Amino acid sequence: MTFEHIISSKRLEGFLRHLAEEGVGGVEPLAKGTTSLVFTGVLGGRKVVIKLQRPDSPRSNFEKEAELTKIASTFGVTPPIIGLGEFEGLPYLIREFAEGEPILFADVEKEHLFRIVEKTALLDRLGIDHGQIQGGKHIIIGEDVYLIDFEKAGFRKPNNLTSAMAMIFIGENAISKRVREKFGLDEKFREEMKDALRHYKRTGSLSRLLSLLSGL
Ligand SMILES: Nc1nc2c(ncn2[C@@H]2O[C@H](CO)[C@@H](O)[C@H]2O)c(=O)[nH]1
């Protein structure tokens, strides 16, 4: 993948040199987002992600995403921010790369299920709706569980926990099928899960959900 309809070849060359001067090497394109161009690199012997404002996107959109990403980083929901910068008037952020698999492709253990609850309930308590839980590409299952990529996030009544649990336990998809077979989940479990989620929606209580997952 290349970014040539968005940045000149000279701008890309300069950006890689600029990153190299901050110690970030072996930089490779990773994705094109709605707000940003995303790269991976190596800093201090470890993998990092670099997100650069797309010049053809509003700067305010990137700034909103960055503010939300910083809050999520402070509370541990997303991997730590390592540094901020600006190149040719474009802001960028550098964060740790979380080793592991997106939950769409991940082998999910009981500890991961508890951790997914803890992270999504925490983001709910922060009043931040991530916005892209469905599809399983934005929850990383690794040494810890993380949410990534806040381009569609905002301060609004959040759906992070309910969307994650519906995707894993209620909806029929590749993830929920794996989980159902791995944990031998049956119809009674699903009905209790629906009850646990309703309870959470009404009261904010995790008691019923954690009770149910503790039986796995
Ligand atoms: N394992 C891992 N994958 C990532 C990370 N950041 C971005 N990605 C990949 O990029 C995609 C969308 O950003 C994800 O679904 C992953 O494949 C990360 O920190 N860890």
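Because the Cβ atoms are built from the backbone with ideal geometry, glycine has one as well, and the counts that use them run over all protein chains shown. Each value in this text was obtained by applying a stated rule to the coordinates, not by laboratory testing.
Just how large is the dipole of region 54-166 about the Cα centre, in debye to the nearest 20, putting +1 at every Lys and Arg Cβ and -1 at every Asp and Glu Cβ?
Roughly 480 debye, rounded to the nearest 20.
Can you list the chymotrypsin sites (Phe, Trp or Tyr not before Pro) in region 93-159 that are in a DSSP coil and have 16 or fewer other beta carbons within 10 angstrom?
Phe105
Nearest 20 debye, what's the magnitude of the dipole of the chain about its Cα centre given +1 on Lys and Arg Cβ and -1 on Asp and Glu Cβ? Could the numbers behind the result be given before it?
Details: 31 positive and 31 negative charges, 133 e Å.
About 640 debye.
Which of the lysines could be linked to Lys47 by a straight reach, that is with a Cα gap under 28 Å, when you skip same-chain ones fewer than 8 residues away?
By straight Cα distance, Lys47 reaches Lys10, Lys32, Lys64, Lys70, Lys110, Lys119, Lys137, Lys152.
If you bin the C-alpha pair distances of region 16-130 every 5 Å from 0, what whole percents do you get?
Whole-percent P(r) values from 0 Å outward: 2, 10, 19, 21, 20, 15, 8, 4, 1, 0.
Let me understand the chain better: what is its radius of gyration from the alpha carbons, and its Dmax, in angstrom?
Both quantities, over Cα of the chain: 18.9, 60 Å.
Which number comes out as Rg/Rh for region 1-57 once both Rg and the Kirkwood Rh are worked out on C-alpha atoms?
0.95
Considering the options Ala98, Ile50, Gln132, tell which one lies farthest towards the positive end of the dipole of the chain, charges being +1 on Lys and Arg and -1 on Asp and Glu at the Cβ, about the Cα centre.
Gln132
Under the Karplus relation 6.51 cos²θ - 1.76 cosθ + 1.60, θ = phi - 60°, what is the ordered set of whole-Hz ³J(HN,Hα) values for region 89-106, x standing for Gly and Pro?
Result, ordered by residue: x, 9, x, 9, 10, 10, 10, 5, 8, 8, 6, x, 10, x, 5, 3, 10, 8 Hz.
Tilt of helix 9-21 relative to the longest C-alpha principal axis of the chain, in degrees (0 to 90, nearest 10)?
80
Within 10 Å of each candidate Cβ there may be at most 16 other Cβ atoms; applying that plus a DSSP loop requirement, which GluC sites (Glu not before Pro) in region 35-106 survive?
Passing sites in region 35-106 are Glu88, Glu99.
When the dipole is taken about the Cα centre of region 9-96, and only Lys, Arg (+1) and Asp, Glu (-1) are charged at their Cβ, what size is it in debye, to the nearest 20?
160
Can you tell me which of 36-45, 49-58 comes out highest on packing, and rank the rest after it, using the mean Cβ neighbours within 10 Å?
49-58, 36-45
Which whole-angstrom value gives the distance between the alpha carbon centres of region 43-117 and region 154-170?
So the two Cα centres are separated by 19 Å.
Among all the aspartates and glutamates, which ones have a C-alpha under 15 Å from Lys157's C-alpha, if same-chain residues fewer than 8 places away are not counted?
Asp124, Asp129
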